[PDB]
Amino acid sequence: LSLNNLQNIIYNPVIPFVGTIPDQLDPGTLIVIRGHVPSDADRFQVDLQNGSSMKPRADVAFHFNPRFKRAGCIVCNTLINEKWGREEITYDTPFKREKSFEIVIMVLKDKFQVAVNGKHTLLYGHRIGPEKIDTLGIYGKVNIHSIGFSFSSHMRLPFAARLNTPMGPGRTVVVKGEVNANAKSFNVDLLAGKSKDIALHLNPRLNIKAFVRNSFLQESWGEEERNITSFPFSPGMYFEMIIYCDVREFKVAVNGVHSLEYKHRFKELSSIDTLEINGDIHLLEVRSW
């Protein structure tokens, strides 16, 4: 989505910019580009290239070229052995002079998918294998504020985020990831933003094989409850954890099977507006419904 999903982000590169992509463009990979088009813009381009050689000019797997004229458009093409391929023009350009934009390039198995300002713009079939793309170039009249990446790898820690919709009965938070091969423990916290206290602290401890959960209220930890019919976590084990909010307590499940219930100690459910995750895991995805 916004920032907890990026593993790498660069601000204000000078144009022309030619930089190495920090990881492979694997399917599901997201490249987010934010900037604005100057008032005198005639054209600019985002090129995903194999290398950065200028002689011979490095192959351009995917040339994204917004052009500004009476019938604004985006010209896409591929360059092989210094020669251009079949030109693909998308008209009704989303881009406009003196306006800012957000470009989201999603890497797919067989093509690139591109959305601008949250609206689908075009698809581009792979002409060069994306494994071969290792550098991103930006040229022309365009100002880039930031570029960011979200590889299919894991997310970076710590993970801190506000939850779009307030916490309340029926509200769900699902977390997916993998416990590190040599994990000790990790935690998943639901906090009251301002208060800065913790409504629900889920802390699985692998070294002690126990699931500690507690509440942090009034600048202090409460009475811990570890009772459980079966430790759901194992070092190196993939998992999905669903935290369901009910009227009387939280219901927590792991890999499709219920683990435990935690009666509410922080009664103002609607005030629980922050999710925090940390510890010995590879966080793969966080979803609050």
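Numbering starts at 1 and runs along the sequence shown.
Mean CA temperature factor is higher for 191 to 199 when stretches 191 to 199 and 78 to 86 are set side by side in the entry. Between 88 to 96 and 169 to 177, the higher mean Cα B-factor belongs to 169 to 177. Among 218, 135, 146, 143, the highest C-alpha B-factor recorded in the PDB entry belongs to 218. The entry lists C-alpha B-factors for 61, 241, 31, 54, and the highest of these is at 54. The entry lists a Cα temperature factor for residue 47 that places it in the lowest third of the chain's modelled residues. The deposited CA B-factor of residue 230 belongs to the highest third of values across its chain. Ranked within its chain, residue 66 lands in the lowest third, by CA B factor from the PDB record. Ranked against the other modelled residues of its chain, the C-alpha B-factor of residue 20 as given in the entry falls in the lowest third. Placement of the Cα temperature factor of residue 184 within the chain: middle third of the modelled residues, per the deposited record.
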